[PDB]
Protein chains: 4
Amino acid sequence: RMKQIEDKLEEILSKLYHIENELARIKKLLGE
Amino acid sequence: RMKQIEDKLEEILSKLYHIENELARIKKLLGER
Amino acid sequence: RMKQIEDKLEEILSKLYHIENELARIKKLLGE
Amino acid sequence: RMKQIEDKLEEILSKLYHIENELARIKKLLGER
C-alpha cells in the first residue's frame, strides 16, 4: 500500500507546483 | 490506519483545491483591476 | 511505518490551515 | 519506497514553508501599502 500513498503524494506535490505558479502570476501583478 | 491515511490524503487534497481556487480568484481580481 | 506517515500528514494539513489563514488576511486586505 | 515516501513528504513540506513565506511577504506588502 506504499504505491497508492506515493501516488497521492505525487499528486499532492503537483498541486503545490500549480499553487506556486498562481503565486508567480500574482507576485508580478503585485509589482514584485 | 491506512483508511485514516487515505482520509488524510484526501483531506489535504481538498484543502489544496480550495487553496488553488482562492488564489485563482485573487489573481482574476488583480488582473481586471 | 503508517504512524510516521500519518504524523507528517497531520503536519502537512496544519500548514494548509496556516496557509488558509494567510489567504483570509490577504483577501480582506484586498477588499473581498 | 518508504525512503521515497519520506522524501516526498519532505519535499511537500518544503514547498509548504516556501508557499507560506511567499504569502507572508504578499501580506506584508499589502498591509503597508
# chains A, B, ... in the order shown; residues from 1 in each chain; ligands from 1
call {"tool": "residues_around", "arguments": {"residues": "residue 28 (chain A)", "least_positions_apart": "6", "cutoff": "12 Å", "atoms": "only C-alpha atoms", "output": "ChimeraX atom specification"}}
result
/A:21-22 /B:27,30-31 /D:26
call {"tool": "interface_residues", "arguments": {"of": "chain A", "to": "chain D", "cutoff": "7 Å", "atoms": "only C-alpha atoms", "output": "PyMOL selection string"}}
result
chain A and resi 2+6+9+13+16
call {"tool": "write_last_selection", "arguments": {"atoms": "C-alpha atoms", "output": "short mmCIF file (atom, residue, chain, number, x, y, z; two decimals), in the first residue's frame"}}
result
data_model
loop_
_atom_site.label_atom_id
_atom_site.label_comp_id
_atom_site.auth_asym_id
_atom_site.auth_seq_id
_atom_site.Cartn_x
_atom_site.Cartn_y
_atom_site.Cartn_z
CA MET A 2 3.10 2.37 -0.34
CA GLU A 6 3.21 7.62 -3.15
CA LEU A 9 1.79 12.31 -2.73
CA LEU A 13 3.15 17.88 -4.99
CA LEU A 16 1.82 22.67 -4.91
#
